[PDB]
Amino acid sequence: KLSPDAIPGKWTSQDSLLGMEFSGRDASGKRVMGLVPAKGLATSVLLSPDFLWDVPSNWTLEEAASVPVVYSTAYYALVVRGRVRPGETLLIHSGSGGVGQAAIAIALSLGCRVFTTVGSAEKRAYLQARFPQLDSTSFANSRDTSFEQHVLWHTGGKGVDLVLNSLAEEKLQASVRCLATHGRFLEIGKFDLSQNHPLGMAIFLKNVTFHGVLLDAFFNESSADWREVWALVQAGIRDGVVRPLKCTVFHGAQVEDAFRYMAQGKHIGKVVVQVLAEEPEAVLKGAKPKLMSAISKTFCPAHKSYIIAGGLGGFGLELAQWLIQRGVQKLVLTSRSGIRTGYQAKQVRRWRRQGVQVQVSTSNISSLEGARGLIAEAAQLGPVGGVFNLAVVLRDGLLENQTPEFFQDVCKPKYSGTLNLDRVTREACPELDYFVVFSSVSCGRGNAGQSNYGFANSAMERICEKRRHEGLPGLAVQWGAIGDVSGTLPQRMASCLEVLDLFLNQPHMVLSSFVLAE
Amino acid sequence: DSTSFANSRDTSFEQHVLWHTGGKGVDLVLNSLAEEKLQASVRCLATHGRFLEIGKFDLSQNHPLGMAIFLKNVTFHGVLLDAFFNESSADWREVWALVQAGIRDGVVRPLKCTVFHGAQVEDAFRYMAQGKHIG
Amino acid sequence: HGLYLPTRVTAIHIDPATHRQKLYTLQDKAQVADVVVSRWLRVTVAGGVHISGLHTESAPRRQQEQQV
Ligand SMILES: NC(=O)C1=CN([C@@H]2O[C@H](COP(=O)(O)OP(=O)(O)OC[C@H]3O[C@@H](n4cnc5c(N)ncnc54)[C@H](OP(=O)(O)O)[C@@H]3O)[C@@H](O)[C@H]2O)C=CC1
Ligand SMILES: NC(=O)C1=CN([C@@H]2O[C@H](COP(=O)(O)OP(=O)(O)OC[C@H]3O[C@@H](n4cnc5c(N)ncnc54)[C@H](OP(=O)(O)O)[C@@H]3O)[C@@H](O)[C@H]2O)C=CC1
């Protein structure tokens, strides 16, 4: 229902944005609960210390997983933005939810009379049990506009001072009419705001401060203003106002069960996922989390240098971008000509802006001296991580009109270049983790008039197979027709990159991929 | 400076403020203009911006306001000074103190004044109605 | 990244006369109009047209995945 890009901050993952809060141990062994923009559902999280609280001695790690998001948003909305003062009256929609419970806890500490809206009698009973200060006249219905009448009656028709709204459409319109003079409206929902629904400006005649509350802005900006909320939450923890919520724990394997349980919407409190059980000891100073088997995909270290031969080519530019999204930051493209089109210039400018250290080379991999120079440049950047060979020179035509010069021209980049790369790698590249050559099904299946192309591609496969017989990395991918940049339909670039991600982990030497026609 | 002045009778200040602000916008708007001008001024806000409204026409007519602005942390205020005379005196003492401090610190300077005698009150009203007075 | 499609527009102006006056023919027989996009001011002005306050929302990919 929510587009992945709607999350603030450029991620480019298009996935793994799940998770905002966590409770676990630290790099030193200290119990900590944190708040992260995304990627909270993992066995490890990389976070700055500004977004971590210590877990007091009474609390268990399970309880701590419920505090961060809800209490941070509650404090930010009420104290930091709404500037609540003792004795006020406020309407907290959806009291049973996490943010509603946090707001009630913060308000009841100040002495404010509270109206809350709930969707069932079980939630009403749960909130009555949780907060005995609440009376029988502090509950309305959250599935209809009947709370407007309830509040305008039990408040004498004056209204409420703060309205922490999470409801949308008519219920949001109904909540505005509950405001009193000098009231404040705290909008923590995002449906009406996204749709740009109109808000009648008459309500502002009686002094009304309509707020837009978004906690996400802190996680990627405004660090100076975050410390106020952090300190407020810390003070609440020490004073006892911040109380953990009910937890419905699910194990790491049954995360889908947790997601379906949340989808049904019958939960009261917070839903937690137990990645790893808590040890009795206060500080464990442990080494690593317990190993769990998971789908393997390709990621690259930041300190390694990568080489793409013929990288200014349409597949080569697209492979480079794919690598950059996987953490590559030291890249060495090679081309006989150089940057000679607007597309290449745009891409390289963008990558250099993003901080990646792109470097273009004219070193021709065919000549052994050229290969050694290319590896020397890569080493200058950093230890050589991978070597990709996407170079191609085509001289098509039936065998009747071929010449030895054409075969040499076609085989110089693919055969000779691959041999020289292999030799220089076996000599002076001890950290190499990838070695890929891009071939064509014309080698395997066969095609008419591409005899020299087929000879050039096939020789690459032999070298890759020999390399994998000595333990060194090697791989050859037999593609069909690349689409965006035989009887086979052209294969889209996205599908190609997905398949390639699949291939880099397999144990085999030569692989293939194509799309059959009709 | 020469880049702090725009045109009030047109909606050309939106481009001026946006250009000289680098497209970020502004952090606080003290607005008293009409419908189209008001909609123009709303688009000058930046993230965590604050819109101070001291006019009455668009509020009295209940003109619509697109809520898409609040996707940022914009805060919309309805500022009326009459409410102090009817209640919230404890809130008025704060403003009283602020004005007194401004007076004693030198910030609060008097404005340019045009004097009309009691007998010529009608002339004063006509003069202010024309719209050429400064001060 | 991803295909963003228009969902709102704040103001569009079309003045056909100024449009016919702005067009200038290239060395070929083709008629062309120069375009400028100001992401600071939120105006896309080209020929005799003026788009202001465009908004585009991400649309989910159809995942028809016709290629297997
Ligand atoms: N402004 C911001 O940036 C932030 C936004 N928020 C908002 O605060 C609110 C509470 O967040 P959170 O702490 O996660 O609380 P929950 O998501 O647990 O709150 C859900 C509540 O919504 C109502 N509800 C109705 N149908 C369903 C359903 N099918 N599933 C779940 N709830 C349902 C219930 O209240 P009832 O019993 O009355 O039906 C329930 O208590 C959300 O609207 C969230 O978007 C949270 C923090 C920051
Ligand atoms: N797209 C397809 O149809 C398929 C591709 N392949 C193979 O996968 C790879 C994908 O690249 P592709 O899209 O074909 O690239 P191009 O079609 O753009 O051509 C190869 C690229 O590499 C450069 N290049 C060629 N020879 C050399 C050389 N000796 N030294 C340095 N740079 C060189 C070229 O630039 P310049 O001319 O300036 O050197 C060009 O940018 C190729 O190796 C191709 O053979 C196989 C199966 C399917």
# chains A, B, ... in the order shown; residues from 1 in each chain; ligands from 1

$ interface_residues --of "chain C" --to "chain A" --cutoff "8 Å" --atoms "only C-alpha atoms" --output "PyMOL selection string"
chain C and resi 1+58-60+67-68

$ write_last_selection --atoms "N, CA and C atoms" --output "PDB file, in the first residue's frame"
ATOM      1  N   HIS C   1      14.156   6.937  -8.901  1.00  0.00           N
ATOM      2  CA  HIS C   1      13.986   5.821  -9.815  1.00  0.00           C
ATOM      3  C   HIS C   1      12.547   5.327  -9.773  1.00  0.00           C
ATOM      4  N   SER C  58       4.925   7.959  -7.183  1.00  0.00           N
ATOM      5  CA  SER C  58       5.405   6.666  -7.647  1.00  0.00           C
ATOM      6  C   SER C  58       4.238   5.726  -7.899  1.00  0.00           C
ATOM      7  N   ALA C  59       4.270   5.049  -9.042  1.00  0.00           N
ATOM      8  CA  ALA C  59       3.271   4.056  -9.388  1.00  0.00           C
ATOM      9  C   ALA C  59       3.887   2.671  -9.311  1.00  0.00           C
ATOM     10  N   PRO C  60       3.241   1.705  -8.660  1.00  0.00           N
ATOM     11  CA  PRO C  60       3.839   0.371  -8.568  1.00  0.00           C
ATOM     12  C   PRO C  60       4.012  -0.245  -9.944  1.00  0.00           C
ATOM     13  N   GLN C  67       8.446 -11.650 -18.935  1.00  0.00           N
ATOM     14  CA  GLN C  67       9.688 -12.358 -19.204  1.00  0.00           C
ATOM     15  C   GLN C  67       9.986 -13.310 -18.055  1.00  0.00           C
ATOM     16  N   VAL C  68      10.143 -14.586 -18.379  1.00  0.00           N
ATOM     17  CA  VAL C  68      10.531 -15.610 -17.416  1.00  0.00           C
ATOM     18  C   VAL C  68      11.722 -16.356 -18.006  1.00  0.00           C
TER      19      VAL C  68
END

$ interface_residues --of "chain B" --to "chain C" --cutoff "8 Å" --atoms "only C-alpha atoms" --output "list in words"
residues 15, 18, 19, 22, 23 and 24 of chain B

$ write_last_selection --atoms "N, CA and C atoms" --output "PDB file, in the first residue's frame"
ATOM      1  N   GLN B  15       8.572  33.853  -6.892  1.00  0.00           N
ATOM      2  CA  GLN B  15       9.777  33.524  -7.642  1.00  0.00           C
ATOM      3  C   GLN B  15      10.991  34.239  -7.068  1.00  0.00           C
ATOM      4  N   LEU B  18      11.916  32.433  -3.705  1.00  0.00           N
ATOM      5  CA  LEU B  18      12.431  31.102  -4.001  1.00  0.00           C
ATOM      6  C   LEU B  18      13.809  31.170  -4.645  1.00  0.00           C
ATOM      7  N   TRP B  19      14.017  32.109  -5.568  1.00  0.00           N
ATOM      8  CA  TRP B  19      15.317  32.210  -6.220  1.00  0.00           C
ATOM      9  C   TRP B  19      16.392  32.634  -5.232  1.00  0.00           C
ATOM     10  N   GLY B  22      17.439  29.970  -2.826  1.00  0.00           N
ATOM     11  CA  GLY B  22      17.939  28.724  -3.364  1.00  0.00           C
ATOM     12  C   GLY B  22      16.889  27.656  -3.539  1.00  0.00           C
ATOM     13  N   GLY B  23      15.614  28.027  -3.512  1.00  0.00           N
ATOM     14  CA  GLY B  23      14.536  27.077  -3.629  1.00  0.00           C
ATOM     15  C   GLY B  23      14.120  26.430  -2.328  1.00  0.00           C
ATOM     16  N   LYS B  24      14.859  26.657  -1.242  1.00  0.00           N
ATOM     17  CA  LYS B  24      14.472  26.091   0.044  1.00  0.00           C
ATOM     18  C   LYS B  24      13.184  26.719   0.556  1.00  0.00           C
TER      19      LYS B  24
END

$ closest_atom_pairs --of "chain B" --to "ligand 1" --cutoff "12 Å" --atoms "only C-alpha atoms and all ligand atoms" --output "JSON lines"
{"residue": "B:70", "atom": "CA", "partner": "ligand 1", "partner_atom_place_in_ligand_line": "1 (N)", "distance": 10.6}
{"residue": "B:71", "atom": "CA", "partner": "ligand 1", "partner_atom_place_in_ligand_line": "3 (O)", "distance": 9.5}
{"residue": "B:72", "atom": "CA", "partner": "ligand 1", "partner_atom_place_in_ligand_line": "3 (O)", "distance": 10.2}
{"residue": "B:73", "atom": "CA", "partner": "ligand 1", "partner_atom_place_in_ligand_line": "1 (N)", "distance": 9.7}

$ residues_near_ligand --ligand "ligand 2" --cutoff "6 Å" --atoms "only C-alpha atoms and all ligand atoms" --output "VMD selection string"
chain A and resid 309 to 316 334 to 338 364 to 365 390 to 393 413 438 to 440 479 to 482

$ interface_residues --of "chain B" --to "chain A" --cutoff "6 Å" --atoms "only C-alpha atoms" --output "number ranges by chain"
B: 59-60, 62-68, 70-71, 73-78
